[PDB]
Amino acid sequence: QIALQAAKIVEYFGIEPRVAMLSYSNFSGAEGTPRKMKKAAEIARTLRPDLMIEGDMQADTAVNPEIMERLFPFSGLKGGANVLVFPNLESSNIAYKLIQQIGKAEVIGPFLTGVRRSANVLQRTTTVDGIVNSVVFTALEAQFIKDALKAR
Amino acid sequence: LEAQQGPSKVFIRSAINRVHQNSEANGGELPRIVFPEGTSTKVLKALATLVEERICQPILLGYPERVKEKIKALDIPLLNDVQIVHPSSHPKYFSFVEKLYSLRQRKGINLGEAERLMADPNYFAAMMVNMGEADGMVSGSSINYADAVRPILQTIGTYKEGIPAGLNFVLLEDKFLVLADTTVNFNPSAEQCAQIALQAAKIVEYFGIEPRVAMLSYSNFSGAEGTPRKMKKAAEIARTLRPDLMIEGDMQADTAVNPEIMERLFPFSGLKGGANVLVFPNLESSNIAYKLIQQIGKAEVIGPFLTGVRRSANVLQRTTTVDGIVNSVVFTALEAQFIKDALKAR
Amino acid sequence: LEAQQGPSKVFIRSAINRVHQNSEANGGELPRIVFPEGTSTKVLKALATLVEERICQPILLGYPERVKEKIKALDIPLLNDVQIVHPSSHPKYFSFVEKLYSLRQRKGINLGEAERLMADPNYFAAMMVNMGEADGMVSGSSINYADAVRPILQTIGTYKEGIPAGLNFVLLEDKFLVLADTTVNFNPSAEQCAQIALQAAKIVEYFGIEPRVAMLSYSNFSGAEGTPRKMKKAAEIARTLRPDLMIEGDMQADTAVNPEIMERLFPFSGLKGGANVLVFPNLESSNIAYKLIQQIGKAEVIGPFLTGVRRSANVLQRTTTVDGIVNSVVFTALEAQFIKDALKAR
Ligand SMILES: CC(=O)SCCNC(=O)CCNC(=O)[C@H](O)C(C)(C)COP(=O)(O)OP(=O)(O)OC[C@H]1O[C@@H](n2cnc3c(N)ncnc32)[C@H](O)[C@@H]1OP(=O)(O)O
Ligand SMILES: CC(=O)SCCNC(=O)CCNC(=O)[C@H](O)C(C)(C)COP(=O)(O)OP(=O)(O)OC[C@H]1O[C@@H](n2cnc3c(N)ncnc32)[C@H](O)[C@@H]1OP(=O)(O)O
Ligand SMILES: CC(=O)SCCNC(=O)CCNC(=O)[C@H](O)C(C)(C)COP(=O)(O)OP(=O)(O)OC[C@H]1O[C@@H](n2cnc3c(N)ncnc32)[C@H](O)[C@@H]1OP(=O)(O)O
Ligand SMILES: CC(=O)SCCNC(=O)CCNC(=O)[C@H](O)C(C)(C)COP(=O)(O)OP(=O)(O)OC[C@H]1O[C@@H](n2cnc3c(N)ncnc32)[C@H](O)[C@@H]1OP(=O)(O)O
Ligand SMILES: CC(=O)SCCNC(=O)CCNC(=O)[C@H](O)C(C)(C)COP(=O)(O)OP(=O)(O)OC[C@H]1O[C@@H](n2cnc3c(N)ncnc32)[C@H](O)[C@@H]1OP(=O)(O)O
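Residue numbers (full-length UniProt numbering), protein chains in the order written: chain A, 622 to 773; chain B, 428 to 773; chain C, 428 to 773.
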């Protein structure tokens with residue numbers, strides 16, 4: 622369900638979503654997180670048959686098309702994933718915070734999805750520019766939701 | 428002046444220089460590094476660079492004819508004189524079989540099973556490293572981490588009060604971070620996390636940098652049930668085991684690695700100046716974080732390095748490249764030189 | 428008249444004669460049995476007798492040289508025209524590697540690991556049996572059961588609504604009991620126990636004997652929580668699956684195999700005349716019981732036989748003798764001929 626919500630959000634920006642269920646194993650399907658991610662990928666593929674959903678895999682395999690093509694050509698995900706789904710809260714939280722801090726790539730969020738109305742919570746360690754970006758995207762989501770409500 | 432020479436590429440160059448210095452000190456002796464993936468293409472392509480750079484002395488493993496054919500087909504002339512060893516044809520193969528049978532006789536390995544296992548290049552490389560025939564081994568370039576590191580832990584083992592862990596170096600523009608166990612333990616306990624932090628602190632101190640451990644979590648000093656409680660307890664245990672260090676937890680990644688956020692939000696914490704050792708609550712977080720930082724972040728990460736084992740023994744991720752293999756072999760040669768020097772001091 | 432001709436003196440001879448009749452009716456073509464342990468003393472010693480009795484056609488696995496040297500040392504003149512093949516040098520080695528990579532790509536095996544796995548004699552033999560190049564395989568005489576049977580289940584697998592399960596024949600003077608299962612399942616549930624009972628009943632009925640199943644336990648129709656409840660439920664499930672059968676449970680071992688005790692104490696039970704197939708609660712009970720009956724009992728047991736697999740594939744116990752090997756290979760030949768006939772008829 623999280624992958625489907627993220628796919629809808631990505632499709633809102635005119636980008637074809639490619640979903641990867643991250644793990645610490647590469648298509649191993651072993652006990653624990655790998656089996657859960659494999660089942661999640663299967664369920665997501667069943668729910669939205671037209672999507673490019675694959676799992677389980679690791680982050681480098683997911684976000685590098687060359688690695689996936691060279692090592693795992695059997696997988697149905699090609700071109701590199703743009704949606705990443707994490708097995709638990711610690712992994713996603715730590716990964717996104719570390720990418721925000723030590724990486725040179727901008728990170729905007731977190732945005733609360735799955736709620737009826739537009740309502741966002743900023744991280745307590747945010748900056749002024751982070752608040753500006755979050756408010757911009759909250760305004761975007763609020764306008765979208767208001768238009769959808771008015772249409773009905 | 429000195430702040431403009433951060434370890435972006437100076438770290439690997441300094442490691443190579445230290446390897447050369449240690450080799451020169453010990454009578455110009457290059458550590459013998461065993462590569463059980465003799466027929467791997469990336470292994471040989473990195474070995475060409477390594478032997479050109481005068482870092483280690485490779486000892487390939489497998490059938491000599493097939494290894495020579497692969498070298499000839501891959502067009503590497505520098506690897507024409509390498510001690511290719513067939514595990515079954517070695518003179519000390521039977522001694523290795525007997526030693527492995529003696530080690531794990533009461534763990535499901537008798538003489539027949541030990542003889543069958545020692546034909547596996549991973550097990551023979553582990554025996555070579557353990558029995559002093561070599562200084563270190565590099566494996567895992569073509570197999571998953573579990574089945575490439577199981578021979579090392581079963582044969583070489585871990586020293587007393589030591590837990591195996593996968594340690595990564597994220598070399599930023601000014602300071603290098605150390606990511607704690609990224610490869611071995613699924614859900615380490617508080618004591619295991621404290622031991623991993625101590626091992627990472629020792630490795631950092633080997634490089635002349637004061638270690639400042641931080642137990643990562645999703646909560647900022649919350650102490651709530653689950654991961655935050657485990658990380659807070661692990662920080663307390665690590666502080667007990669080493670009261671002269673800057674260990675603090677639990678916290679989030681931004682709070683740990685940013686001095687300004689920690690100073691503004693949580694001035695009570697004993698971690699000042701930012702953290703350079705980050706310990707992760709479980710395997711998924713550490714693994715995904717390190718791989719994502721490697722790929723989408725311009726910072727260069729090197730590893731994972733197996734820590735806690737008695738002798739030098741490393742496992743490359745199957746996802747690696749030639750440069751990654753070169754860096755990992757350089758650092759495993761450095762570690763093998765250190766271990767050999769320490770063993771020759773008793 | 429029929430009393431003086433009992434299983435303990437006629438069963439193996441009848442099995443051999445049935446092998447001979449099935450071979451004669453198919454044009455005198457012996458079943459091709461692949462032996463992964465080509466350099467095993469017991470395997471070759473039993474292969475001498477098997478070739479003398481023309482039960483099967485052996486295909487030893489390993490490098491042709493060490494196997495030939497072992498044959499020369501052990502002085503078996505018959506094992507000189509036998510087929511010795513090397514897994515890596517076979518003309519169909521890469522097809523087998525591709526097949527394993529295709530059917531196990533999402534279970535942790537890719538080409539780099541499939542090529543390594545097919546080098547192992549056990550995996551190569553399992554793939555040969557799966558692809559039809561050999562009728563059956565007989566392994567496990569040099570390694571433990573778990574690592575010998577893992578490639579069989581990974582490659583050959585199980586058929587529809589089938590569960591892997593051991594099966595041993597205890598040949599008494601008057602009748603023969605069938606213990607199942609003794610090798611695979613650690614602690615089967617009620618449904619798994621019912622399926623094992625159905626498989627054992629089918630195998631018993633193949634030998635022209637009406638099967639009577641008993642779900643063994645430590646209690647006599649107590650229905651208490653734990654194992655007795657599991658066996659009561661398993662007996663009910665098996666009765667629902669095969670109404671025409673005579674299945675009873677739960678009961679103790681002595682009540683099942685003694686008609687007098689059952690008719691005196693529990694006349695209400697639907698098992699009349701004594702059980703000839705016995706299903707055990709867990710692995711410890713069945714393994715210990717069958718091994719103790721084999722050793723300290725005067726009744727000869729043969730097995731264990733791996734049931735529930737699509738193709739013919741048996742794993743010997745590592746503590747077996749030459750006679751055990753020849754009996755197991757005879758019954759493997761019977762099963763392989765049955766499987767081949769069923770596949771051809773389809
Ligand atoms: C990046 C961007 O710009 S975002 C791009 C993608 N965005 C999205 O997909 C937005 C997704 N969300 C939405 O579209 C909106 O939430 C909508 C239009 C679906 C509204 O959700 P709805 O539930 O239909 O809202 P609505 O106000 O019509 O309420 C109807 C339902 O809400 C329930 N409801 C109303 N008030 C409440 C309440 N306080 N608590 C709980 N349920 C409530 C009603 O019971 C009713 O349920 P029912 O039909 O089963 O009886
Ligand atoms: C860069 C990357 O790609 S990271 C990939 C993600 N990581 C992985 O997939 C691997 C995850 N880790 C694992 O699976 C396990 O840690 C493995 C590799 C040890 C699996 O081996 P296991 O099935 O757990 O153990 P096994 O029974 O084979 O025994 C291995 C040995 O390791 C030892 N060992 C394993 N973990 C520990 C530990 N935390 N502390 C001490 N010893 C340990 C055991 O004691 C055992 O030694 P022994 O037989 O002498 O007692
Ligand atoms: C540099 C980096 O980047 S990482 C820096 C930190 N890394 C580290 O590994 C930290 C340093 N730690 C170590 O090197 C390890 O603790 C080791 C290798 C010293 C421990 O190895 P151990 O075998 O556990 O050492 P231990 O203290 O038990 O000594 C082994 C003893 O066995 C004896 N011994 C006798 N026969 C043998 C044998 N066949 N094999 C091994 N030891 C033997 C040795 O003589 C020695 O006794 P001694 O001290 O009287 O000479
Ligand atoms: C005479 C003697 O020597 S008896 C000695 C005592 N017996 C033993 O020690 C063996 C007992 N059994 C075991 O130890 C194990 O359960 C084994 C060896 C059967 C395999 O278990 P594992 O090693 O965990 O299996 P693994 O994860 O490798 O999977 C192997 C395959 O077997 C299959 N399998 C295993 N048990 C069953 C079962 N009861 N029903 C159906 N399939 C099964 C799995 O589905 C798997 O197939 P897959 O790859 O398509 O998913
Ligand atoms: C004698 C004694 O003491 S034991 C007596 C008791 N024994 C038994 O009851 C054993 C029962 N088992 C059997 O008869 C067999 O193992 C079977 C029939 C269950 C297995 O046969 P299968 O391998 O499943 O298939 P079979 O070859 O018969 O049928 C062909 C089908 O197999 C399918 N198939 C799938 N994978 C394969 C493969 N690797 N090889 C061949 N066929 C395959 C084909 O697609 C084909 O389907 P299709 O004809 O609809 O297109």
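Beta carbons: idealized from backbone N, C-alpha and C, even for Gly.
*Collapsed DSSP secondary structure at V742 of chain A in the structure displayed*: coil
*So is the beta-carbon of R773 of chain B under 7 Å away from any non-hydrogen atom of ligand 3?*
yes
*CB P686 of chain C to CB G676 of chain C, shorter than 8 Å?*
no
_Closest to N647 of chain C by C-alpha separation, out of C:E600, C:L668, C:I674, C:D681, would be which residue?_
C:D681
*Unbroken alpha helix (DSSP H) run spanning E600 of chain B, endpoints*: Segment: none, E600 of chain B is in no alpha helix (DSSP H) and carries neither H nor E.
*Can you give the Cα-Cα distance for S713 of chain C and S435 of chain C, rounded to whole angstroms?*
21 Å
*Look at the Cβ atom of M564 of chain B, then the Cβ atom of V470 of chain B, and state whether they are nearer than 8 Å.*
no
*Report yes or no: is there a C-beta of chain C within less than 8 Å of the C-beta of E540 of chain B?*
yes
*Examine chain F for any beta-carbon lying closer than 8 Å to the beta-carbon of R577 of chain C, and answer yes or no.*
The structure shown contains no chain F; its protein chains are A, B and C.
*When you compare each of A:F707, A:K718, A:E727 to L710 of chain B by their alpha carbons, which one comes out closest?*
A:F707
*In whole angstroms, what separates the C-alpha of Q626 of chain B from that of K725 of chain B?*
27 Å
*When DSSP labels each residue in this structure, what does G676 of chain B get in the three-state scheme?*
strand
*Check whether the Cβ of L692 of chain A lies closer than 8 Å to any Cβ atom in chain C.*
yes
*Per DSSP, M642 of chain B forms a beta bridge with which residues?*
B:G676, B:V706
*Cα-Cα separation between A546 of chain C and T466 of chain B, rounded to whole angstroms*: 14 Å
*Output the distance between the C-alpha atoms of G650 of chain B and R656 of chain B, rounded to the nearest integer angstrom.*
5 Å
*Would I688 of chain A count as contacting chain B if we go by Cβ distances under 8 Å?*
yes
_Which residue marks the beginning of the beta strand (DSSP E) containing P655 of chain A, and which one marks its end?_
Premise fails: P655 of chain A lies in the alpha helix (DSSP H), 654-668, not in any beta strand (DSSP E).
_Where residue 384 of chain B sits in the DSSP three-state scheme_ = Since the displayed chain B opens at 428 and closes at 773, residue 384 of chain B lies outside it and no answer follows.
*Three-state secondary structure (DSSP) at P485 of chain B?*
strand
*Limits of the unbroken alpha helix (DSSP H) element including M689 of chain C*: 686-692
*Find out if the Cβ-Cβ distance for the pair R669 of chain C, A628 of chain C is shorter than 8 Å.*
yes
*At a cut-off of 7 Å, is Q721 of chain C close to ligand 7 when judged by its beta-carbon and the heavy atoms of the ligand?*
Summarising the ligand content, the structure contains ligand 1, ligand 2, ligand 3, ligand 4 and ligand 5 and does not contain ligand 7.
*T610 of chain B versus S644 of chain B: straight-line alpha-carbon distance, rounded*: 18 Å
*asked:* Is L668 of chain A a contact residue of ligand 1, with contact defined as CB to any heavy atom under 7 Å?
replied: no
_Rounding to the nearest angstrom, what Cα-Cα distance links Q744 of chain A and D750 of chain A in this structure?_
12 Å
*Grab me the residues of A473 of chain B's own chain with a C-beta within less than 6 Å of its C-beta, minus the 5 sequence neighbours each way, in chain order.*
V749, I752, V753
*Note down, one range per segment and in chain order, each beta strand (DSSP E) of at least 3 residues found wholly within the stretch 505-591 of chain B.*
563-566
*asked:* Counting beta carbon pairs with one atom in the stretch 549-561 of chain C and one in the stretch 572-579 of chain C, are three or more of them shorter than 8 Å?
replied: yes
*asked:* Does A683 of chain A pass the burial test, meaning 16 or more other C-beta atoms within 10 Å, or should it be called exposed?
replied: buried
_For a cutoff of 8 Å on Cβ pairs, would you count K718 of chain A as touching chain B?_
yes
*According to a CB-to-CB cut-off of less than 7 Å, which residues of the stretch 699-730 of chain A neighbour chain B?*
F707, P708, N709, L710, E711, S712, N714, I715, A716, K718, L719, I720, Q721, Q722, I723, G724, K725, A726
*asked:* Measuring only from the beta carbon, is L761 of chain B closer than 7 Å to any heavy atom that is part of ligand 3?
replied: yes
*Enumerate in chain order the residues of its own chain whose CB-to-CB distance from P514 of chain B is below 7 Å, with the five nearest sequence positions on each side excluded.*
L488, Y520, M545, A546, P548, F551
_According to DSSP, simplified to helix, strand and coil, what is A607 of chain B?_
coil
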